[PDB]
Amino acid sequence: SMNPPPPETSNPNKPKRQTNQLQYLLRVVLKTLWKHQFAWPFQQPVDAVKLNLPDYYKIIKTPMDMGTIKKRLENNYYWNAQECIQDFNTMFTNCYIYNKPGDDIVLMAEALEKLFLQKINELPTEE
Ligand SMILES: CCCc1c(C(=O)Nc2cccc(S(=O)(=O)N3CCCCCC3)c2)[nH]c(C)c1C(C)=O
């Protein structure tokens with residue numbers, strides 16, 4: 001019941017690239033979700049200690065959050081757009097796994113997920 005270390009946000013060994021799709025993911029997709037009213041629960045990694053959820057990291061073995069995703073884009077962690085899209089999807093999947101239907105957190109996640117899918121459908125053409 002101690003928090004795990006947050007996911008890695010910068011790796012010296014990995015090669016670094018800037019693409020329009022990556023610009024769009026940080027600049028449009030991340031920013032739109034970050035500004036949203038329901039954003040706060042997904043803005044940082046779930047703090048199991050502070051929120052007193054002992055079972056959360058036993059159930060969820062691949063934690064992800066928008067704060068982490070924002071840092072990865074900002075640190076040029078992702079070579080590919082799909083890597084970032086996968087992280088968004090993992091964050092939503094985690095919420096649904098841990099939480100029951102009708103929970104406030106699940107409803108918020110669905111709204112964010114819905115908006116995310118709309119923006120991702122507008123993803124710019126790759127190089
Ligand atoms: C049962 C919901 C728990 C949860 C959050 C969450 O963030 N909930 C939260 C609740 C209360 C306050 C704050 S908080 O942001 O205001 N806050 C101040 C309090 C103590 C430190 C923490 C930060 C955050 N997000 C996800 C994805 C989940 C789960 C389990 O799926």
# chains A, B, ... in the order shown; residues from 1 in each chain; ligands from 1
>>> residues_near_ligand(ligand="ligand 1", cutoff="8 Å", atoms="only C-alpha atoms and all ligand atoms", output="mmCIF file with N, CA, C and O atoms, in the first residue's frame")
data_model
loop_
_atom_site.group_PDB
_atom_site.id
_atom_site.type_symbol
_atom_site.label_atom_id
_atom_site.label_comp_id
_atom_site.auth_asym_id
_atom_site.auth_seq_id
_atom_site.Cartn_x
_atom_site.Cartn_y
_atom_site.Cartn_z
ATOM 1 N N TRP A 40 -9.687 16.726 -13.844
ATOM 2 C CA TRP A 40 -8.867 16.664 -12.620
ATOM 3 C C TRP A 40 -8.546 15.257 -12.094
ATOM 4 O O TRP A 40 -7.421 15.020 -11.643
ATOM 5 N N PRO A 41 -9.506 14.321 -12.164
ATOM 6 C CA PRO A 41 -9.195 12.967 -11.689
ATOM 7 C C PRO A 41 -8.106 12.248 -12.493
ATOM 8 O O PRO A 41 -7.429 11.382 -11.951
ATOM 9 N N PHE A 42 -7.933 12.618 -13.758
ATOM 10 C CA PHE A 42 -6.954 11.986 -14.646
ATOM 11 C C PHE A 42 -5.717 12.849 -14.907
ATOM 12 O O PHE A 42 -4.883 12.512 -15.746
ATOM 13 N N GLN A 43 -5.585 13.940 -14.163
ATOM 14 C CA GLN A 43 -4.516 14.918 -14.401
ATOM 15 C C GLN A 43 -3.173 14.465 -13.843
ATOM 16 O O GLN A 43 -2.121 14.914 -14.294
ATOM 17 N N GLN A 44 -3.216 13.572 -12.862
ATOM 18 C CA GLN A 44 -2.018 13.056 -12.201
ATOM 19 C C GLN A 44 -2.192 11.565 -11.988
ATOM 20 O O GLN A 44 -3.310 11.059 -12.083
ATOM 21 N N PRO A 45 -1.094 10.854 -11.675
ATOM 22 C CA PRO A 45 -1.241 9.433 -11.376
ATOM 23 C C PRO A 45 -2.104 9.233 -10.142
ATOM 24 O O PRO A 45 -2.033 10.028 -9.217
ATOM 25 N N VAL A 46 -2.919 8.185 -10.123
ATOM 26 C CA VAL A 46 -3.788 7.932 -8.971
ATOM 27 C C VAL A 46 -2.922 7.774 -7.727
ATOM 28 O O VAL A 46 -2.019 6.946 -7.705
ATOM 29 N N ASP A 47 -3.192 8.582 -6.706
ATOM 30 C CA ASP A 47 -2.488 8.479 -5.434
ATOM 31 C C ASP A 47 -3.262 7.554 -4.500
ATOM 32 O O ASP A 47 -4.196 7.979 -3.815
ATOM 33 N N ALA A 48 -2.866 6.287 -4.482
ATOM 34 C CA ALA A 48 -3.564 5.281 -3.696
ATOM 35 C C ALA A 48 -3.419 5.554 -2.199
ATOM 36 O O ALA A 48 -4.355 5.339 -1.439
ATOM 37 N N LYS A 50 -2.945 8.576 -0.609
ATOM 38 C CA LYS A 50 -3.724 9.747 -0.219
ATOM 39 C C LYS A 50 -5.218 9.458 -0.337
ATOM 40 O O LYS A 50 -5.989 9.841 0.527
ATOM 41 N N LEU A 51 -5.619 8.767 -1.402
ATOM 42 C CA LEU A 51 -7.027 8.424 -1.621
ATOM 43 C C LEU A 51 -7.442 7.182 -0.836
ATOM 44 O O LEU A 51 -8.611 6.799 -0.855
ATOM 45 N N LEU A 53 -6.893 3.918 -1.290
ATOM 46 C CA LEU A 53 -7.329 2.743 -2.046
ATOM 47 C C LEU A 53 -6.196 1.712 -2.059
ATOM 48 O O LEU A 53 -5.323 1.770 -2.925
ATOM 49 N N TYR A 56 -5.822 -0.714 -5.404
ATOM 50 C CA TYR A 56 -5.804 -0.138 -6.767
ATOM 51 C C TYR A 56 -4.648 -0.617 -7.637
ATOM 52 O O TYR A 56 -4.843 -0.957 -8.799
ATOM 53 N N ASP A 65 -1.778 8.208 -16.905
ATOM 54 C CA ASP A 65 -2.550 9.409 -16.611
ATOM 55 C C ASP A 65 -2.151 10.531 -17.564
ATOM 56 O O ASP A 65 -1.090 10.475 -18.188
ATOM 57 N N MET A 91 -5.219 4.517 -19.889
ATOM 58 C CA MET A 91 -5.796 5.323 -18.811
ATOM 59 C C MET A 91 -7.316 5.125 -18.689
ATOM 60 O O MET A 91 -7.827 4.902 -17.595
ATOM 61 N N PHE A 92 -8.029 5.208 -19.811
ATOM 62 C CA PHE A 92 -9.471 4.943 -19.829
ATOM 63 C C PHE A 92 -9.798 3.501 -19.451
ATOM 64 O O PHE A 92 -10.719 3.263 -18.681
ATOM 65 N N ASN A 94 -8.078 1.437 -17.629
ATOM 66 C CA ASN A 94 -7.823 1.301 -16.193
ATOM 67 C C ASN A 94 -9.021 1.731 -15.356
ATOM 68 O O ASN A 94 -9.391 1.061 -14.393
ATOM 69 N N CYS A 95 -9.605 2.865 -15.721
ATOM 70 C CA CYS A 95 -10.753 3.404 -15.006
ATOM 71 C C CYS A 95 -11.936 2.440 -15.050
ATOM 72 O O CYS A 95 -12.582 2.193 -14.036
ATOM 73 N N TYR A 96 -12.187 1.868 -16.223
ATOM 74 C CA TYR A 96 -13.310 0.962 -16.402
ATOM 75 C C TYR A 96 -13.082 -0.364 -15.675
ATOM 76 O O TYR A 96 -14.020 -0.944 -15.127
ATOM 77 N N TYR A 98 -11.184 -0.869 -12.886
ATOM 78 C CA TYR A 98 -11.256 -0.681 -11.441
ATOM 79 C C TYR A 98 -12.669 -0.323 -10.962
ATOM 80 O O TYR A 98 -13.097 -0.769 -9.901
ATOM 81 N N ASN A 99 -13.395 0.455 -11.760
ATOM 82 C CA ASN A 99 -14.646 1.065 -11.317
ATOM 83 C C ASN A 99 -15.908 0.479 -11.960
ATOM 84 O O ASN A 99 -15.904 0.057 -13.117
ATOM 85 N N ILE A 105 -16.699 8.589 -11.409
ATOM 86 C CA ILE A 105 -15.426 8.549 -12.135
ATOM 87 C C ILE A 105 -15.559 7.907 -13.526
ATOM 88 O O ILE A 105 -14.967 8.377 -14.493
ATOM 89 N N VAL A 106 -16.364 6.853 -13.621
ATOM 90 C CA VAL A 106 -16.600 6.169 -14.894
ATOM 91 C C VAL A 106 -17.354 7.074 -15.871
ATOM 92 O O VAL A 106 -17.030 7.123 -17.054
#
>>> select_by_dssp(residues="chain A", states="helix (DSSP H, G or I)", output="number ranges by chain")
A: 20-35, 40-42, 48-51, 56-59, 66-74, 81-98, 104-120
>>> residues_around(residues="range 3-13 of chain A", least_positions_apart="5", cutoff="10 Å", atoms="only C-alpha atoms", output="number ranges by chain")
A: 44-50, 54, 56-57, 61-65, 67-78
>>> closest_residue(among="A:112, A:2, A:30, A:81", to="residue 126 in chain A", atoms="only C-alpha atoms")
A:81
>>> residues_around(residues="residue 29 in chain A", least_positions_apart="2", cutoff="12 Å", atoms="only C-alpha atoms", output="PyMOL selection string")
chain A and resi 21-27+31-36+66+69-70+73+81+84-85+88+112-124
>>> write_last_selection(atoms="N, CA, C and O atoms", output="tab-separated table (two decimals), in the first residue's frame")
chain	number	residue	atom	x	y	z
A	21	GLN	N	1.64	14.92	-36.23
A	21	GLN	CA	0.73	14.12	-35.41
A	21	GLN	C	1.07	14.26	-33.92
A	21	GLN	O	0.17	14.39	-33.09
A	22	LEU	N	2.36	14.28	-33.58
A	22	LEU	CA	2.78	14.47	-32.18
A	22	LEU	C	2.43	15.88	-31.70
A	22	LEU	O	2.00	16.04	-30.56
A	23	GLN	N	2.62	16.88	-32.56
A	23	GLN	CA	2.21	18.27	-32.24
A	23	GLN	C	0.70	18.35	-31.97
A	23	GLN	O	0.27	19.03	-31.04
A	24	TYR	N	-0.07	17.65	-32.80
A	24	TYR	CA	-1.52	17.62	-32.67
A	24	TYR	C	-1.95	16.93	-31.37
A	24	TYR	O	-2.89	17.38	-30.72
A	25	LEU	N	-1.26	15.86	-31.00
A	25	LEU	CA	-1.61	15.11	-29.79
A	25	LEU	C	-1.41	15.94	-28.52
A	25	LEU	O	-2.29	15.97	-27.66
A	26	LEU	N	-0.28	16.61	-28.40
A	26	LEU	CA	-0.06	17.54	-27.29
A	26	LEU	C	-0.89	18.81	-27.44
A	26	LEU	O	-1.60	19.22	-26.52
A	27	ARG	N	-0.77	19.44	-28.60
A	27	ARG	CA	-1.36	20.76	-28.83
A	27	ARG	C	-2.90	20.80	-28.86
A	27	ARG	O	-3.49	21.79	-28.43
A	31	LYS	N	-4.55	19.05	-24.82
A	31	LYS	CA	-5.00	20.35	-24.33
A	31	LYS	C	-6.52	20.40	-24.17
A	31	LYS	O	-7.02	20.90	-23.17
A	32	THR	N	-7.25	19.88	-25.15
A	32	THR	CA	-8.71	19.86	-25.07
A	32	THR	C	-9.20	19.05	-23.86
A	32	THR	O	-10.10	19.47	-23.15
A	33	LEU	N	-8.62	17.88	-23.64
A	33	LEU	CA	-9.00	17.04	-22.50
A	33	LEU	C	-8.56	17.66	-21.18
A	33	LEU	O	-9.28	17.58	-20.18
A	34	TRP	N	-7.39	18.27	-21.17
A	34	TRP	CA	-6.83	18.88	-19.96
A	34	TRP	C	-7.71	20.03	-19.45
A	34	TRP	O	-7.94	20.16	-18.24
A	35	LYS	N	-8.21	20.85	-20.38
A	35	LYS	CA	-9.10	21.98	-20.04
A	35	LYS	C	-10.48	21.54	-19.53
A	35	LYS	O	-11.19	22.33	-18.90
A	36	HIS	N	-10.86	20.30	-19.82
A	36	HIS	CA	-12.23	19.83	-19.55
A	36	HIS	C	-12.57	19.82	-18.06
A	36	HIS	O	-11.69	19.65	-17.21
A	66	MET	N	-3.00	11.54	-17.68
A	66	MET	CA	-2.75	12.64	-18.61
A	66	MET	C	-1.52	13.47	-18.23
A	66	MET	O	-0.83	13.98	-19.11
A	69	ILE	N	1.22	11.56	-19.62
A	69	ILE	CA	1.16	11.67	-21.08
A	69	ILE	C	1.66	13.04	-21.55
A	69	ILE	O	2.40	13.14	-22.55
A	70	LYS	N	1.28	14.09	-20.82
A	70	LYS	CA	1.71	15.46	-21.12
A	70	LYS	C	3.24	15.62	-21.02
A	70	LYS	O	3.86	16.24	-21.87
A	73	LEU	N	5.01	13.76	-24.06
A	73	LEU	CA	4.96	14.57	-25.28
A	73	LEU	C	5.93	15.73	-25.17
A	73	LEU	O	6.67	16.03	-26.11
A	81	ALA	N	2.87	8.24	-32.95
A	81	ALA	CA	1.58	8.72	-32.48
A	81	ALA	C	0.82	7.63	-31.73
A	81	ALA	O	0.18	7.90	-30.71
A	84	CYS	N	1.45	7.21	-27.96
A	84	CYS	CA	0.68	8.16	-27.16
A	84	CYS	C	-0.80	7.80	-27.10
A	84	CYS	O	-1.41	7.91	-26.05
A	85	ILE	N	-1.37	7.36	-28.22
A	85	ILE	CA	-2.78	6.98	-28.27
A	85	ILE	C	-3.04	5.78	-27.36
A	85	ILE	O	-4.05	5.74	-26.65
A	88	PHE	N	-3.33	7.01	-23.72
A	88	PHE	CA	-4.67	7.52	-23.47
A	88	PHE	C	-5.65	6.35	-23.26
A	88	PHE	O	-6.42	6.35	-22.31
A	112	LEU	N	-14.76	12.12	-21.28
A	112	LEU	CA	-13.41	12.44	-21.75
A	112	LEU	C	-13.01	11.55	-22.92
A	112	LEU	O	-12.45	12.02	-23.91
A	113	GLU	N	-13.31	10.26	-22.79
A	113	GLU	CA	-13.01	9.28	-23.82
A	113	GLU	C	-13.71	9.64	-25.13
A	113	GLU	O	-13.10	9.59	-26.19
A	114	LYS	N	-14.99	9.99	-25.02
A	114	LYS	CA	-15.81	10.41	-26.16
A	114	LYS	C	-15.20	11.59	-26.92
A	114	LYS	O	-15.12	11.59	-28.15
A	115	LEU	N	-14.80	12.60	-26.16
A	115	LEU	CA	-14.15	13.79	-26.71
A	115	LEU	C	-12.81	13.43	-27.34
A	115	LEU	O	-12.46	13.92	-28.41
A	116	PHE	N	-12.06	12.56	-26.66
A	116	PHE	CA	-10.76	12.09	-27.16
A	116	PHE	C	-10.89	11.39	-28.52
A	116	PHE	O	-10.11	11.64	-29.43
A	117	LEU	N	-11.88	10.50	-28.64
A	117	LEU	CA	-12.12	9.78	-29.88
A	117	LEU	C	-12.44	10.74	-31.03
A	117	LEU	O	-11.96	10.56	-32.14
A	118	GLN	N	-13.25	11.77	-30.75
A	118	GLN	CA	-13.60	12.77	-31.76
A	118	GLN	C	-12.35	13.49	-32.29
A	118	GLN	O	-12.17	13.62	-33.50
A	119	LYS	N	-11.49	13.94	-31.37
A	119	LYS	CA	-10.27	14.65	-31.74
A	119	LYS	C	-9.28	13.74	-32.46
A	119	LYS	O	-8.63	14.17	-33.41
A	120	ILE	N	-9.20	12.49	-32.03
A	120	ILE	CA	-8.27	11.52	-32.62
A	120	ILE	C	-8.71	11.18	-34.05
A	120	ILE	O	-7.88	10.92	-34.92
A	121	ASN	N	-10.02	11.20	-34.29
A	121	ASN	CA	-10.56	11.02	-35.64
A	121	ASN	C	-10.14	12.15	-36.58
A	121	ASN	O	-10.20	11.98	-37.80
A	122	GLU	N	-9.73	13.29	-36.03
A	122	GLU	CA	-9.29	14.43	-36.82
A	122	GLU	C	-7.76	14.49	-36.91
A	122	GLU	O	-7.19	15.53	-37.26
A	123	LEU	N	-7.10	13.37	-36.62
A	123	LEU	CA	-5.64	13.35	-36.55
A	123	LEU	C	-5.04	13.73	-37.91
A	123	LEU	O	-5.49	13.23	-38.94
A	124	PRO	N	-4.03	14.62	-37.91
A	124	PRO	CA	-3.41	15.07	-39.16
A	124	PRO	C	-2.64	13.97	-39.89
A	124	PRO	O	-2.28	12.96	-39.30
>>> atom_distance(atom1="CA of residue 93 in chain A", atom2="CA of residue 59 in chain A")
12.0 Å
>>> closest_residue(among="A:38, A:20, A:52, A:87", to="residue 104 in chain A", atoms="only C-alpha atoms")
A:38
>>> atom_distance(atom1="CA of residue 55 in chain A", atom2="CA of residue 108 in chain A")
21.3 Å
